[PDB]
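The chain below stands alone, shown as structure tokens; this is the form deposited in one PDB entry.
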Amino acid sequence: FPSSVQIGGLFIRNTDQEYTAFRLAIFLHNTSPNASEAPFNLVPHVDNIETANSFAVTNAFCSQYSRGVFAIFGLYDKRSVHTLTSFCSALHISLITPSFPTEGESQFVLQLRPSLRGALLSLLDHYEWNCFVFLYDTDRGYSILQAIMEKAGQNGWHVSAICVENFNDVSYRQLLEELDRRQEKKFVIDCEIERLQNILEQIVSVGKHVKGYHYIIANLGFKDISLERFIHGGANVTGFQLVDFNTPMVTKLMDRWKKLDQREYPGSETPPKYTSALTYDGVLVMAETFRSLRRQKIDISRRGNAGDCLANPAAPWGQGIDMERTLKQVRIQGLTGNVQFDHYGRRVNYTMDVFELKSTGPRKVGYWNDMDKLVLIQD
């Protein structure tokens, strides 16, 4: 087994913090005082691309492929998910990603991000929502939209779905205005953080951040966002929190996170978002995987592969099958809790806290896990 293991790093636009987390995890691994933890070094070959279109991601993949990576830690969006996952499976180069889960690809894709679908639907039931509007964007695909619209159709919900991509201050006013005329009181928001911040501001500019309005934020990082105004406005706001900041592992990470040079490690100036936590865990998963391969006595090597992604015929890495099988057997504790997978490479046996906004600030009102579903606190 090699003393150095080559892995790919494929990051896209506005993922500075995630890359900072990637770098920290790798540093902590390579400088570990524990020979058992680090019998090999991780040598990342990284592309940080700002466009993230399909052509550029394909070129990045092929560049990493020719540099002989055994696996790729990679992010994608709607525009690149298909090429990246397709090239990975075709060539048996395992993809480890913190990006939105995707059912299509079923081999060579390990999806660190657990599904929010069940939790979100369970929540809507508990609250007995029947008429609400769904504000959203499509950067992370259409799964949540489809899940909501299907649940709505089977339950006689009157849901008004509205895409807010490319809305300006005017679009919103009009949007928030009409909304005002219909007297919409309940909302589910599913957007990128940047867009989320903006919508929330608009709602506050509108004065619908007061009681009694209710907002459910459909993401895994309730605490990643500033809700000060809503805490003061008095509106209901519910969300999910995958990362538990009151645990030793997260605490220890935070201890180091706060000491990072914010100029050299952009994104360290704020606490890690859930995507950054997922990225850190991804490195933990890869480290465990290579330790396992080593125990299995599988001397991973890509010699003497041509290194050409467009080679005809395609020449898939023969040891890729072992890598992929071993990845999915990983079961470790991470920033995002129990990290464990099914054969499709999807997270299973996981939990997330459910938070509500109270005067005192965010308060935990329960949790959701894939075995018990929604469990609220009660005396």
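Basically, rigid core = biggest C-alpha set you can superpose within 1.5 Å across the two forms. Just count from 1 along the sequence shown to find any residue number.
Remark: stretch with higher mean C-alpha B factor among 241-249 and 282-290 is 241-249. 355-363 and 8-16 differ in mean CA B-factor, and the higher of the two is recorded for 355-363.
Among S54, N30, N312, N349, the highest C-alpha B-factor recorded in the PDB entry belongs to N312. In the PDB entry, the Cα temperature factor peaks, among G307, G118, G267, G234, at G307. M254: CA B factor in the middle third of modelled residues in this chain (values from the PDB entry).
Among the modelled residues of its chain, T97 has a C-alpha B-factor that falls in the lowest third, as given in the PDB entry. Looking at the C-alpha B-factors along this chain, the one for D77 belongs to the lowest third. Placement of the Cα temperature factor of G104 within the chain: highest third of the modelled residues, per the deposited record. Ranked within its chain, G68 lands in the highest third, by CA B factor from the PDB record.
The protein also exists as the form deposited in another entry; that form is not presented, and the subsequent description refers to it.
When the two forms are superposed on their rigid core between this form and the one not shown, the C-alpha shift of 2 Å or more among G234, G118, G104, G307 belongs solely to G104.
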